[PDB]
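Heads up, the Cβs are rebuilt from the backbone with ideal geometry, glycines too, and the neighbour counts pull from every protein chain shown. Please treat every number below as a calculation from the coordinates, not as lab data.
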Amino acid sequence: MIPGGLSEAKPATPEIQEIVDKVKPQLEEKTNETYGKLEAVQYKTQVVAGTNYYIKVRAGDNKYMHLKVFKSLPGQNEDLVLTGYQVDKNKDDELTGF
């Protein structure tokens, strides 16, 4: 029905890859490097004042990049955010909380 709180990793989808595909550029200048297609692989979602996001996304090459976005409900203007990301994080890195 409505499982809130960091749950297991739901396998990414077009929406998961959208969060990352929406913060991939926010990641380029928010870290100090340039990432590439973020082929989402899995993503942890939870609830609070909207819905945060966790996403183990393939950073193009064999490298990976964890992602942490926040959902600020539907309100036009800007939407979602890149609340964090574990750069250079490999697959073994389960998202767990973040």
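Overview of results
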item	result
Failed item in (1) farther than 22 Å from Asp79 by Cβ; (2) within 12 Å of the chain's Cα centre (by Cα), with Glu8 passing the rest	(2)
Long-range neighbours under 9 Å by Cβ, at least six apart or interchain, first residue touching a residue at least 60 places away in the same chain (Cβ under 8 Å) and under 15 Å from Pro11 (Cα atoms) within segment 78-98, second surrounded by fewer than 17 Cβ atoms within 10 Å (Cβ to Cβ) and not charged (D, E, K, R)	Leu95/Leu6; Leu95/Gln86; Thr96/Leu6
Any hit, segment 19-33, residues being over 25 Å from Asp92 (Cβ atoms), of a type in the set (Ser, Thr, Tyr) and out of contact with any helix residue (DSSP H, G or I) (no Cβ under 6 Å at 6 or more places or on another chain)	no
Selection from segment 1-34 of residues that are part of a loop (DSSP other than H, G, I, E, B) and under 19 Å from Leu80 (Cα atoms)	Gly4, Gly5, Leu6, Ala12, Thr13, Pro14, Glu15
Exclusive hit being out of contact with any helix residue (DSSP H, G or I) (no Cβ under 7 Å at 6 or more places or on another chain), free of Cβ contacts under 8 Å to residues at least 60 places away in the same chain, within 14 Å of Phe98 (Cβ to Cβ) and of a type in the set (A, V, I, L, M), set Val69, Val57, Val48	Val48
Matching residues, segment 22-44, being surrounded by fewer than 21 Cβ atoms within 10 Å (Cβ to Cβ) and of a type in the set (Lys, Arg)	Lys22, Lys30, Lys37
Whichever residue in segment 45-78 is more than 14 Å from the chain's Cα centre (by Cα) and among the charged types (D, E, K, R) and, among such residues, is surrounded by the fewest Cβ atoms within 10 Å (Cβ to Cβ)	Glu78
So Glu15, is it surrounded by fewer than 18 Cβ atoms within 10 Å (Cβ to Cβ), touching a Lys or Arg at 6+ places or on another chain (Cβ under 6 Å) and not polar (S, T, N, Q)	no
Cβ pairs under 8 Å, 6+ apart, first in segment 1-26 and closer than 11 Å to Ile55 by Cα, second of a type in the set (S, T, N, Q)	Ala9/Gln42; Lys10/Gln42; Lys10/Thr45; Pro11/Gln42; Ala12/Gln42; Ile16/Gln42
